[PDB]
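Asker: Just dropping in an experimental structure and the matching sequence.
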Amino acid sequence: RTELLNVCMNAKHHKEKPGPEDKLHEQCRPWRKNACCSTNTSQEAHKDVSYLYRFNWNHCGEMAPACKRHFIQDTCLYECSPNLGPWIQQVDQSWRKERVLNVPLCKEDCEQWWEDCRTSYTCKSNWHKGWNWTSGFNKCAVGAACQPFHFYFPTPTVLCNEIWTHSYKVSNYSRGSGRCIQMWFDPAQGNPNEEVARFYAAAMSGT
Ligand SMILES: Nc1nc2[nH]c(CCNc3ccc(C(=O)N[C@@H](CCC(=O)O)C(=O)O)cc3)cc2c(=O)[nH]1
């Protein structure tokens, strides 16, 4: 891994290389200029128990729209961003050779994500391992474990870090500091992650 900019990780769905995709679905739209995902990938992002991972958001009763939308953006960011290089690593599992680890999510993105989920419900604090997939999609391990979302994710930083086994590492930096990744941004104002990736690829450069 010598070049960490304008590159796609090697997971279950990514393309080999970044590239224009003017047909991306609704929330994935800000990556139409340069994406790692396909029209279909972005399309399944937005759906319940998707073709992507058969993942069930409504494992603890219906998940509130205001919350689910954040998960859809995350999915977009993970499946579409070309600027995640500096945090790519190898792990070698049955469904992805590579993945991202300790992405410095902008303080607010995390807080807002945390905030919008207050009303929703979950049963696990780790959404990568532990689900009963018998049914065809992930169901609750201990069916009676269903608690308020903030019960398993007490603070924002807990949510963003632990829910995806440390794919994020919530930065102290705020949106626009040039030092953290935004999973929400206005494409009309340009892709702010492009400068963030470039910065961090230099701070860890050489050996
Ligand atoms: N930011 C960010 N978002 C992300 N979204 C996703 C999507 C990832 N969803 C899935 C989570 C769990 C499963 C699953 O079958 N688990 C098994 C064990 C999984 C395994 O080790 O083989 C279990 O329950 O025991 C499938 C998809 C990743 C991911 C990520 O890495 N980062």
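Answerer: Alright, I've got the coordinates. Numbering: from 1, shown residues only.
Asker: Figure out how far the lengthiest helix in the chain is from the centre of its chain.
Answerer: Ranked by residue count under DSSP state H, the longest helix found in the chain is helix 65-80. Taking the mean of its C-alpha atoms, helix 65-80 sits 6 Å from the chain's own mean (CA atoms, centre = their mean, to the nearest Å).
Asker: which other helices and strands contact that helix?
Answerer: With contacts defined as 3 or more CB pairs under 8 Å, 6 or more residues apart in numbering; DSSP states H and E, helix 65-80 has these neighbours: helix 39-45, helix 107-116. In this view, the C-beta of every residue, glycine as well, is placed from N, C-alpha and C.
Asker: residues in the chain within reach of the ligand, list them.
Answerer: 53, 55, 74, 78, 93-95, 99-100, 127-131, 133, 138, 164, 167-168 (CB under 6 Å from any ligand atom).
Asker: Okay, and which of these map to helices?
Answerer: 74, 78.
Asker: Where does the chain get nearest to the ligand, residue-wise?
Answerer: Among the residues of the chain, residue 167 lies nearest to the ligand; the distance is 3.0 Å by CB to the nearest ligand atom.
Asker: quick one, strands of the protein?
Answerer: Using DSSP state E, the strands found in the chain span residues 88-90, 98-100, 121-122, 147-148.
Asker: CSV please, covering those strands and showing distance to residue 12 and mean neighbour count.
Answerer: Below are the strands of the chain laid out as CSV (distance: least, CB to CB, whole Å; neighbours: other CB atoms under 10 Å):
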stretch, distance to residue 12, mean neighbour count
strand 88-90, 15, 14
strand 98-100, 10, 21
strand 121-122, 23, 22
strand 147-148, 30, 13
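Asker: nearest to residue 179, of those?
Answerer: Proximity to residue 179 (CB to CB) singles out strand 98-100 among these, at 17.0 Å.
Asker: show me the residues around the closest residue to residue 50 other than its chain neighbours that make contact.
Answerer: Excluding its sequence neighbours, the residue lying closest to residue 50 (CB to CB, 6 or more residues apart in numbering) is residue 44, at 4.0 Å. By CB atoms under 8 Å, 6 or more residues apart in numbering, the residues touching residue 44 are 50-52.
Asker: between those residues, which is nearest residue 144?
Answerer: Residue 144 lies nearest to residue 50 out of these, by CB to CB, at 26.7 Å.
Asker: and residue 26, how many residues sit next to it?
Answerer: Close neighbours of residue 26, defined as other CB atoms under 10 Å, add up to 11.
Asker: wait, doesn't it sit right on residue 39?
Answerer: No. Using CB atoms under 8 Å, residue 26 is not in contact with residue 39, being 11.7 Å away.
Asker: possible to save the contacts of residue 44 as JSON lines with distance to residue 60 and neighbour count?
Answerer: Output for the contacts of residue 44, formatted as JSON lines (distance: CB to CB, whole Å; neighbours: other CB atoms under 10 Å):
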{"residue": "50", "distance to residue 60": "18", "neighbour count": "18"}
{"residue": "51", "distance to residue 60": "22", "neighbour count": "11"}
{"residue": "52", "distance to residue 60": "20", "neighbour count": "18"}
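Asker: Output these as a markdown table; include the columns distance to residue 175.
Answerer: Listed next are the contacts of residue 44 as a markdown table, based on distance: CB to CB, whole Å:
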| residue | distance to residue 175 |
| --- | --- |
| 50 | 28 |
| 51 | 32 |
| 52 | 27 |
